Amino acid sequence: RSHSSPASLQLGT
Amino acid sequence: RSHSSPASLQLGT
Amino acid sequence: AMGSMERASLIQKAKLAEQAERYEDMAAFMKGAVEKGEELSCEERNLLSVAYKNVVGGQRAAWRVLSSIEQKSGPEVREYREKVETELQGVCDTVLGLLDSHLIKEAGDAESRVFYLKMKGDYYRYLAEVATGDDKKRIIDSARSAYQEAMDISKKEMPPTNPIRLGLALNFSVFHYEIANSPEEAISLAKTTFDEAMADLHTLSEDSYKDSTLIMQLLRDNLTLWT
Amino acid sequence: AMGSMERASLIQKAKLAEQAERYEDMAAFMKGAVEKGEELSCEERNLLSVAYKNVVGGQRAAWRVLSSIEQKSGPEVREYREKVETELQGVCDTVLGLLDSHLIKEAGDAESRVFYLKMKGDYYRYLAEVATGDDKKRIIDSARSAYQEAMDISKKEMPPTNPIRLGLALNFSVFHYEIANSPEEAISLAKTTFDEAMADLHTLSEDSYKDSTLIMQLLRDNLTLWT
Ligand SMILES: N=C(N)c1cc(-c2ccccc2)c(N)s1
Ligand SMILES: N=C(N)c1cc(-c2ccccc2)c(N)s1
Ligand SMILES: [Cl-]
Ligand SMILES: [Cl-]
Ligand SMILES: [Cl-]
Ligand SMILES: [Cl-]
Ligand SMILES: [Mg+2]
Ligand SMILES: [Mg+2]
Ligand SMILES: [Mg+2]
Ligand SMILES: [Mg+2]
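Residues numbered from 1 in each chain as written, not as in the entry; some residues may be left out. Chains lettered and ligands numbered in written order. Heavy atoms only, no water. Residues with missing side-chain atoms left out of burial classes, pairs and counts.

As documented in the archive entry, the model was determined using X-ray crystallography at 1.20 Å resolution.

*Asks:* Can you walk me through the overall build of chain C in this structure?
*Replies:* A count of helices and strands for chain C gives 9 helices and 0 strands. In sequence order, chain C lays out its α and β elements as α-α-α-α-α-α-α-α-α. A compact globule built from 227 residues should have a C-alpha radius of gyration of about 17 Å, and chain C, at 18 Å, falls within 12% of that. Seen along its three principal axes, the alpha-carbon backbone of chain C occupies a region of about 60 × 45 × 30 Å. (Helix = DSSP H or I, 4+ residues; strand = E, 2+ residues; numbered from the N terminus. Rg over C-alpha atoms; globule rule 2.2 N^0.38 Å.)

*Asks:* I'm lost on the site of ligand 2 in this one. Help?
*Replies:* Lining the immediate environment of ligand 2, one finds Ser8(A), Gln10(A), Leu11(A), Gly12(A), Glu18(D), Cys42(D), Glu43(D), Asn46(D), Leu47(D) and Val50(D). In this structure, ligand 2 is bordered by residues of chains A and D. The backbone of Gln10(A) places a nitrogen or oxygen atom 2.8 Å from a nitrogen atom of ligand 2. With respect to ligand 2, the side chain of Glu18(D) contributes an N or O atom lying 2.7 Å from a nitrogen atom. Within the complex, 73% of the 380 Å² of free accessible area of ligand 2 lies under protein. Per-element tally for the shell around ligand 2: the top contributor is helix α3 (residues 42-72) of chain D, with 5 residues. (Near = heavy atom within 4 Å. Polar contact = N/O pair within 3.5 Å; in protein donor to acceptor, adjacent residues only side chain to side chain. Areas by Shrake-Rupley, 256 points an atom, 1.4 Å probe, with all protein chains shown as cover.)

*Asks:* In this structure, what is going on with the layout of surface pockets? I would like to understand it.
*Replies:* One water molecule sets the probe size; rolling that probe over the atoms shows where empty space is left. Within this model, the largest pocket holds a volume of roughly 1500 Å³. In this structure, the largest pocket is lined by 46 residues; those nearest its centre are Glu21(C), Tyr23(C), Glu24(C), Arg22(D) and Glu24(D). (1 Å grid on protein atoms, 1.4 Å probe; cavity = no way out; pocket = protein on both sides within 12 Å on 5 of 7 lines; lining within 4 Å. Points joined across faces, edges and corners; volume = space filled by probe spheres on them.)

*Asks:* Sorry if this is basic, but what is going on with helix α2 (residues 23-34) of chain C here?
*Replies:* Because the α-helix completes a turn every 3.6 residues, residues three or four places apart line up on one side. Counted at 1.5 Å a residue, the expected span for α2(C) with its 12 residues is 16 Å, and the 16 Å between its end C-alpha atoms agrees. Three or more residues of α2(C) are buried, namely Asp25(C), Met26(C), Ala27(C), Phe29(C), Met30(C), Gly32(C), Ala33(C) and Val34(C). On the buried face of α2(C), the contacting elements are α1 (7-19), α3 (42-72) and α4 (76-106) of chain C together with α4 (76-106) of chain D. (Expected span 1.5 Å × (residues − 1). Buried < 20%, exposed > 50% of the residue type's maximum accessible area, 1.4 Å probe, protein only. Contact = heavy atoms within 4.5 Å.)

*Asks:* Honestly, the side chain of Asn222(D) in this entry has me stumped. Any pointers?
*Replies:* Relative to the elements of secondary structure, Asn222(D) occurs in helix α9 (residues 206-226). Among the residues examined, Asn222(D) registers a relative accessible area of 0% and is labelled buried. Each residue touching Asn222(D), except ones within four places of it in the same chain, is listed here: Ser2(A), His3(A), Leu170(D) and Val174(D).

*Asks:* Quick question: what am I supposed to make of the relation of the copies chain D and chain C here?
*Replies:* The operation relating the two chain copies consists of a rotation about an axis and a shift along that axis. Each copy superposes on the other: chain D lies on chain C with an RMSD of 0.0 Å after a rotation of 180° and an axial shift of 0.0 Å. These values place the two chain copies in the arrangement generated by a two-fold rotation axis. Distance from the rotation axis, computed per C-alpha, reaches its smallest value in chain D at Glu24(D): 6.1 Å. By residue overlap, the copies meet face to face through one surface: 100% of the interface positions of chain D are interface positions in chain C. (Least-squares fit on C-alpha atoms.)

*Asks:* Sorry, what's going on with the interface of chain C and chain B here?
*Replies:* The interface of chain C with chain B comprises 24 residues on the first partner and 13 residues on the second. Elements with a minimum of two residues in the side of chain C that touches chain B: α3, α5 (110-130), α7 (163-179) and α9 (206-226) of chain C. Its residues assigned to classes, the side of chain C that touches chain B shows 13 nonpolar, 5 polar and 6 charged. (Nonpolar A, V, L, I, M, F, W, Y, C, P; charged D, E, K, R; others polar.)

Here you go:
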């Protein structure tokens, strides 16, 4: 039910 | 692009 | 892998795998059930078809994405497209092998025999989608032969609203349009199938009417795409 | 299986598998890339995380469906729940083994080390979701230890808007709420993380602002669920 992070945290380096 | 049948064709026997 | 599991336990696990959207596990359970050697009930034939259609569906979608990238273009896209294609061919070969050993030969009632011959046509059709050249010609004729045998039995033994007869006609029309380069045959079959079903809906209960009209709507959606 | 394939070819195939939504194939390619023994770039760490998160995500969803059916209730539901659970534990063990051999020990920069320690916490957290009794206590402490080490490095080495620092804090808060029975610690960490990020957004470019605010919105969505 809680949201965790996506696998990729940001678009770039 | 064309639609084919679902895997199950009807609910029962 | 499934030879030690009870038939009824394989069927129950297939239903659990369906609920969990574990279609590879569902297909392995149903393969094990078929390999017990007994005929399949209606519900069991539905489980077998759902399982394998979902497995090959993921493969078909992945193959289309990879083939598109390959057509747009080192060896890696072709190698990976080939890996997915080989796995897809192996799933189709497995289903065809179950039908040949020995589901079709033991299927005498029209509902079982037509369903299995339709499945034979469908899995040769999925092979034809990824086939090239002369291999493609023989695979296309294998699909066509299975669909035609199913059609001939369905028209003799089933009313024109029967969902199996409708789903067969709907997939044979796809074959004509998408595989055999016969769009006119596809349109004619879809139109005739739709109209003959329309004229027999008056014989059906509310629930049977819903089963038949759902497949009829797919025929209409294709005629809208094709015309 | 991947020892004969070039590192660059494994990375390219991982990207193709992602496009095809072939996450099991993507994870096998990325495991093979890690096993070449070189450190991973930012993009490669993202590919590894995407691949395994999608594989374990399907397992986690299937396990929840089966555990619900088992709780509602022959041995078949428990046996099949156990089969899925064992496969899920094996995926988590594989990821943890990659991190231990030898991604973490070779990761000296904060962005790599924090990302890998966060992943360690996350995969012990997925093990904790299916663990019982005393096994669960040790697995919970392993998750907690990895998250805490990551947190300590992130607060020393990264600004409060850094997406890796935010995603770590967001998963550590999930751990507290869902695994450790510490909802107050979960809420406090989410609130402090959100507020400290808010105060540093003024330093960011338009594109960096979008990266940071996307993770901040997950913190807020959890605080809305939890309060
Ligand atoms: N699990 C499924 N996806 C289906 C099961 C049945 C069924 C057929 C006859 C009797 C009982 C159930 C379908 N029509 S689809
Ligand atoms: N394939 C993906 N899902 C991602 C790739 C990258 C990336 C990171 C740095 C440089 C180039 C790409 C992501 N942030 S997600
Ligand atoms: Cl490959
Ligand atoms: Cl045939
Ligand atoms: Cl099982
Ligand atoms: Cl640790
Ligand atoms: Mg028995
Ligand atoms: Mg129907
Ligand atoms: Mg090399
Ligand atoms: Mg982001």
